[PDB]
Ligand SMILES: [Mg+2]
C-alpha cells in the first residue's frame, strides 16, 4: 500500500487535469463519482437571477431600436462572470444605461465596490440609432442550478426571473483506467477534468469539493 | 441558505445488524455519501477467514475419511463458513483443534477453546460421524482483507496442509435508502439510512466507522500536486 | 493508428514504397546502433520501464518518426548500394 | 513454471514495445481475416 | 485439479443462449436491488 | 406535446427552457431539470436551435474526438436520431475530410 | 415490499425518478401510489436497479430473476496454446499439428 502520487496539468484559470494513481481495485469510481456530484451541486458561485429593462413588459418581447431580442439579451447575461471580492457580500444590483449607435459590452455596467467583472469584453446588445437600453440586473451568491420559474425573485414589477447558473464549474468528466504496479495489475488510475468560468480556478474547485466531503464524514459522531 | 450539521441516529440490533441515519442533508448528497461508503464497506473492511486445514491421515483435498459422511471437499466447504472473532487486536493468527469420535454430529462448538477467540456461530454443522468414525484436525484462521483465493496464498502449516479459499471481509450485506425530508424552510432535502449486516467478528457500527475512516484517509492523497 | 500515418502516405507514390523506405531505414539503425540517426536528443522516442525512461528499442518506430522530419532522402538509383554501406560503416561504426 | 520470477515479466514488456502481432480467425474469407494489433499483456488465458 | 470459473470459460442456458465469460466484476460494481442484494449474471438483451 | 403558439409550431419545453450555451444545457440535465430526450431551446455556435440536450451532447462527442469543431458541425445530421446508416455515413464522411 | 413497509422504510427518491421515466414509457398507469406502480412493474417482471459504481438508478426498470445456467466443457485452460519453435514432421520438416 504505497502513497498515491497526485499530478496536475493546468491551462490558466479555466481548465486543469488531475491524475491520482495507483489506487486499490474499485477506488477510481469510489472517489470520482462523489467528487463529481459535489463539484456540480455544491461549489459556491454567482449568477444573474433577475433583469429589468425599461420599456419591456415580458421575456418574449422585442425591443424597438435594438437588434437582439429580449431572450437573446438575457442569454448573454447568463454568460457574464461576476466575482464577489467581499466574503460577506450575498447580492448586488448592477446598472446599465446606454443609447444611440453602439454595441454594448460588459465593461459598460456601472462599477460597484468589491464587484469584479472577469470577462469585460462580453457582448450584451447591439443598439441602432435611437435604440435605447436602460436596465438593472440582480446578481446573487449561490450554488448549483435553479431554473427561473422556481426561484421566483422579483425586486419590482416587470422584473424577469432568469435561470440562475451559479456553479463556477461548467463541466466535470472523469475517466477510470486499469493500471499495474509490479505484480498487482487490478489497480485504478483516476483522471479528472474540471472546467470553470475563471472565477474559481479548477484546482481551487477540486480542493473545495474534497474539503466538503471530509466535513460530511465528520457527521458520523454524536449518536442517538 | 447553507445547511447545518445533521442529526446522526443509530439503531443497532445485536452484533449482526444496524441501521444508520443522517438527517437533514443537501439534495443529492444522500447517494454522494451513501454509495462510496457501500463500496468501501463491501471490499476494504478487515475480517477473518479459515486459510488452511491439516486432517490426520489426509494428504490432499480429494480424500475421504472412514466413518465420516462428508467428503473432504465438503468439510473444507463448511470450514469456510466459520466466523472467528479476535478479541485482542494484536493477534493475527491462531490454530483451532478438533477431536471427535462416535455417533455424533460435529458442530463448530467442539473445537477446543482458545483464549481471545470466540466462535460466533457455534451451531454450524461440520461432519456427520458414525459408530467407529474418528476425526482430528488443525484449522488455521487468519486476519486479512478482501477475497484471497487458495491458489494465491498457498498457506500450509505442515507438508499435508490443504490451502483454503479465504473470504476475509466481515460484511455480508449493505443497502442504503434515500428518502425525502425538509427543514421546513427548504424542500427536496435528503434523509440517508445505511443498513449494515455483518458476520459478528466485527459489528455493523464498527464497519461504518472503518469505512468512513478509509474514505477520509483516501481524500488526504490530494494534498501535494505536481 | 500510427502517428501521422496520413502524412506518410502523402510522401510516396505507392503505399508499398513507404513500407520499404521505413523497413530499410530501421535495418540501417539496428546494424549501426542508432548512431546514424538524424533525430535530436529530445525527439528520440522514449520507453518507460520500471527503472525509468530509456531509448525506444524499436527501430521501426524510429524510422517513421525520422521520415516525418524531412531529413531523409528516398528514391531509386541514389548511390551504388555497396558504396553506401562502406561510407555508413565508416561514419558510424558497429 | 515455479522457477519463473517476477522480474521476467517486466523483461518481456521491454521486448514487445512497439511491435505488433497478427490476429487471424478462420474462415479467412477476405483480406481482413488477418489484422495487426499491438498486444497489451494481461493475466488470464483469454485473447481480448 | 479444482477449476474455478474464469474469463474465457463458456456458459449456456437451456434455450440456446451461449457465451463466454468476458468480465468478472467485484461485488461492489454489480447492479443490485434496492434491498442491497447484488445480481449474479448480466446478459445483454441484444441476444434475444 | 406539439402545439401552435402564434401560428408557428413549437413545444412547451422549447419556451420554458432556453439555454445560452451547451455547457449549461447538460448542467440542467445533470440536476434533473430536463432529460436528454426532451426537446428544448439551445444556442450553439451562433444559431438558436431546437433539439434535445442529447443531440447537443452527440455533436460534442464528434467535435472533441476529431478536435475540429467547425468541420465536426458540418458532418453530423443533427435533426435525426443516430442509427446504423447515419453513423456509417459519419465514419465515411469523417474519413474523407 | 411488505417487509420494507413494516421495517419502517418508505419509497426511495430514486424509485420515483425511475417511475417518472416508466410512465413516459407506458409501463405503469399514471395516477397511482408508488407501491401500485412498482407492483405494476413487478408483474411485467421488472424491478428498480441501482448501479453499484454511481449509486444512481438505472434510468429504467430492468428484468431480473432466477435463471438456470450451465458451465460447458469448453474451458480456456484446455484451449490456450502457443509455440516459438518445436517438433517437425519427418518428410516435410514442417511443424507438427
Ligand atoms: Mg425559461
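When we count neighbours, we look across all protein chains shown, and the Cβ atoms used for this are built from the backbone with ideal geometry, even at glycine. No value in this document is a laboratory result; all are computed from the given coordinates.
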Check: Counting only other chains, what is the mean number of Cβ atoms within 10 angstrom of the Cβ of each residue in peptide B:205-218?
Finding: 3
Next item on the list: Determine, from the Cβ-Cβ distance of residue D:17 and residue G:92 and an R0 of 51 Å, the FRET efficiency 1/(1 + (r/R0)^6), rounded to the nearest 0.05.
Entry: 0.90
Notebook entry, point to check: Arranged by the count of other C-beta atoms within 10 angstrom, fewest first, what order do A:191, B:128, B:198 take?
Noted result: B:128, A:191, B:198
Notebook entry, point to check: So how many Å³ per residue does the convex hull of the Cα atoms of region A:1-65 work out to?
Noted result: 171
Item checked: Distance (nanometres) between label positions extended 7 Å along Cα→Cβ at residue F:50 and residue B:224 -> 5.9
Next item on the list: State whether region G:55-97 is rounded, prolate or oblate according to the following rule on the C-alpha gyration tensor (a ≥ b ≥ c being the square roots of its eigenvalues): a/c under 1.5 gives rounded; otherwise a/b larger than b/c gives prolate, and the remaining case gives oblate.
Entry: prolate
Item checked: Separation of the residue C:92 and residue B:63 label points, Cα + 7 Å toward Cβ, nm -> 6.7
Next item on the list: Kindly express, to the nearest 10 degrees and within the range 0 to 90, the angle between helix B:204-219's C-alpha long axis and the longest C-alpha principal axis of chain B.
Entry: 60
Item checked: residue A:123/residue B:180 FRET efficiency (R0 45 Å; Cβ-Cβ; nearest 0.05) -> 0.55
Next item on the list: Counting only C-alpha contacts under 8 Å and six or more residues apart, can you give the relative contact order of chain G as a whole percent?
Entry: 18
Next item on the list: Compute the relative contact order of region A:35-176 as a whole-number percentage, counting only Cα pairs closer than 8 Å that sit 6 or more residues apart in sequence.
Entry: 40
Checklist line | Ellipsoid semi-axes in whole angstrom, largest first, where each is sqrt(5λ) of the Cα gyration tensor of chain E | finding: 21, 17, 10
Margin query: Let me check I have the definition right: for region B:53-139, take the eigenvalues of the Cα gyration tensor, multiply each by 5, take square roots. What are those semi-axes in whole Å, largest first?
Written below: 24, 14, 11
Margin query: Please compute the average number of Cβ atoms from other chains found within 10 Å of each residue's Cβ in peptide B:175-188.
Written below: 3
Notebook entry, point to check: Going by alpha carbons, how many degrees (0 to 90, nearest 10) lie between the helix axis of G:13-25 and the longest principal axis of chain G?
Noted result: 80
Notebook entry, point to check: Of the listed peptides A:43-49, G:87-93, what is their order by residue-averaged count of other C-beta atoms within 10 Å, with the highest listed first?
Noted result: A:43-49, G:87-93
Item checked: Dimensionless Rg/Rh of chain B - Kirkwood Rh, Rg from C-alpha atoms -> 1.11
Checklist line | Percent of alpha-carbon pairs separated by more than 15 Å within chain C | finding: 65
Margin query: Compute the distance from the alpha-carbon center of region F:68-97 to that of region G:29-97, in whole Å.
Written below: 32
Note to self: Nearest 500 deg cm²/dmol is fine: what mean residue ellipticity at 222 nm does chain C get from its DSSP H runs of n ≥ 4 alone, each adding -39,500 (n - 2.57), divided by its residue count?
What the structure shows: -15000 deg cm²/dmol
Item checked: Whole-Å semi-axes of the protein assembly as shown's equivalent ellipsoid (Cα gyration tensor) -> 54, 45, 26
Check: How far is the Cα center of region B:6-56 from the Cα center of region C:2-20, in Å?
Finding: 59
Checklist line | Peptide-level mean, for G:80-92, of C-beta atoms on other protein chains within 10 Å | finding: 0
Next item on the list: Give the relative contact order (percent, whole number) for chain C; include only Cα pairs under 8 Å separated by 6+ residues.
Entry: 31
Notebook entry, point to check: With each pseudo-label sitting 7 Å past Cα toward Cβ, what's the residue E:24-residue A:173 distance in nm, one decimal?
Noted result: 3.4
Item checked: For region G:1-74, projected area of the alpha-carbon convex hull averaged over all directions, nm² -> 7.2
Notebook entry, point to check: If you take all C-alpha pairs in chain F, what percent of them are over 23 Å apart?
Noted result: 31
